[PDB]
Structure formats: structure tokens, C-alpha cells
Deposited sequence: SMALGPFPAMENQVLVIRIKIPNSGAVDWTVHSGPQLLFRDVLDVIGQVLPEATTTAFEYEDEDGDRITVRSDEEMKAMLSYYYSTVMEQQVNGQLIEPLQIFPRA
């Protein structure tokens, strides 16, 4: 179970519970389009370990995102920290 937290305007985020079929970059954009139907979203950002905003425009970039996230979750479980969803910020 992967939870993707999709930032929305005005202090919200919509959490999407993704079940395990390959998650595609297109599928994420599709869900964002449902959640934000008045927006044009063709990409999204996430925050890396440096706090830098990283733009995702393809499946290969999305895979590097997911690997980072899973590594982070794994370390949190081991060290007994609260596990957070993968936060993304939709993007024109």
C-alpha cells in the first residue's frame, strides 16, 4: 500500500491510496485531473532529501521518486519514526 498525498489549493491535500499493476506517470496525472478539474496539470514536484523541489515529467523520473520514497519509509520503520505519505505538488 502506497499513499500519494496530492497538494490542493487552500490548506488541503487529497490522499490517494494506491494498491498493488504498474503505477504509471500517466495514471498519477489522471488522478490529479480528477482532483483538480479546473487546472491543467502536466507534471508534479516532490521534495528530495535536500528540500529541493524536483519536477517529474516521465515514468523514469517517477521511478527515481518512488525509490527515494521507499528508502525513506524503510528508514522510518526501522528507526521508529512516523511514516508519512509521498507528497506531491501538481504543476502546470
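Residues 1-13, 34 of the deposited sequence, counted from 1, carry no C-alpha coordinates in the model.
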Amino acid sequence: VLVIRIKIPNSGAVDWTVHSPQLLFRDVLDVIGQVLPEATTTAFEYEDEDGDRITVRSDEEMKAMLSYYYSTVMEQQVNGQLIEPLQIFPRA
From here on, numbers count along this sequence of modelled residues.
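Stretches 37-45 and 53-61 differ in mean C-alpha B factor, with the higher average recorded for 37-45. Averaged over CA atoms, B-factors in the entry run higher in 75-83 than in the other of 5-13 and 75-83.
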